[PDB]
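Asker: Return atomic coordinates for the entry below.
(3 chains, ligands or ions: 1)
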Amino acid sequence: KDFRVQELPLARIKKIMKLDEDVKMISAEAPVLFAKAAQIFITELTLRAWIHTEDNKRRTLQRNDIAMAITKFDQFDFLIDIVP
Amino acid sequence: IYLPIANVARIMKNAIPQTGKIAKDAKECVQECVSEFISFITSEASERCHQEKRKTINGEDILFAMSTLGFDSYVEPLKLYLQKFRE
Amino acid sequence: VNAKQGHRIXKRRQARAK
Ligand code: NA
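Answerer: Numbers count the residues shown, from 1 in each chain, chains lettered A, B, ... in the order given. I have put the structure below:
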């Protein structure tokens, strides 16, 4: 539940945040928030990909199910470059 | 750099029905997506902090960046997870 | 394109190329 989320490595999240050219200091709170955000994001992304998995009559979720979902949901537009 | 794929797989499998299956290539892809989710929020929060010559990205910055970029629905759950966490 | 995201997406493209 939330405990699944507690298992997410905060250091890994801090390291990603620190790739950003304008980030020196980061509050402790930030990676924690991202940990949970990561969970909500992944869940909705996959639910939405799953729709396309099933429309295609498969029980296996594939990179193109993700790609279709990114295009049908305006909230996933920032992913356009990630999943061509 | 990315979150462990084991972690990502377990969240994805909770999302789908028991019966279902996830191809490794779909897990690697969600891996990449998550890193980009983080960088994209961070980038927004960070550009804001620089404009007001602020040297730390705080949790409020992130939460406001989400709101602004159309992840407003994430805000109450994140806040509550924070409360709960450091309660 | 999501109007809320658009400007941030254009910037991020610049950041990733670098
Ligand atoms: Na769109």
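Asker: residues from chain C in reach of chain B?
Answerer: Contacts of chain C with chain B, taken as C-beta under 8 Å from any C-beta of the partner chain, map to C:2, C:4, C:5, C:8, C:9, C:11, C:12, C:15. Quick note: C-beta positions are derived from backbone N, CA and C, even for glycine.
Asker: From what I see, the fifth one and residue A:74 are in contact.
Answerer: No - the pair formed by residue C:9 and residue A:74 falls short of the contact definition of C-beta atoms under 8 Å, at 11.7 Å.
Asker: Pick out whichever of those two has more residues nearby.
Answerer: Counted by other C-beta atoms under 10 Å in any protein chain shown, residue C:9 and residue A:74 do not tie: residue C:9 has more neighbours, with 19 against 13.
Asker: I'd like to know how far residue A:38 sits from residue A:1.
Answerer: Distance, residue A:38 to residue A:1, using C-beta to C-beta, to the nearest Å: 15 Å.
Asker: neighbour count winner among the two?
Answerer: residue A:38 (23 against 7).
Asker: separation between that one and chain B?
Answerer: Using C-beta to the nearest C-beta, to the nearest Å, one obtains 5 Å as the distance from residue A:38 to chain B.
Asker: check contacts around that residue.
Answerer: Residue A:38 makes contact with A:5, A:8, A:13, B:3, B:11, B:34, B:37, B:38, according to C-beta atoms under 8 Å, 6 or more residues apart in numbering or on different chains.
Asker: hang on, the first one packs against residue A:36?
Answerer: Just to be clear, that refers to residue A:5. Yes - here residue A:5 lies in contact with residue A:36, judged by C-beta under 8 Å, at a distance of 5.4 Å.
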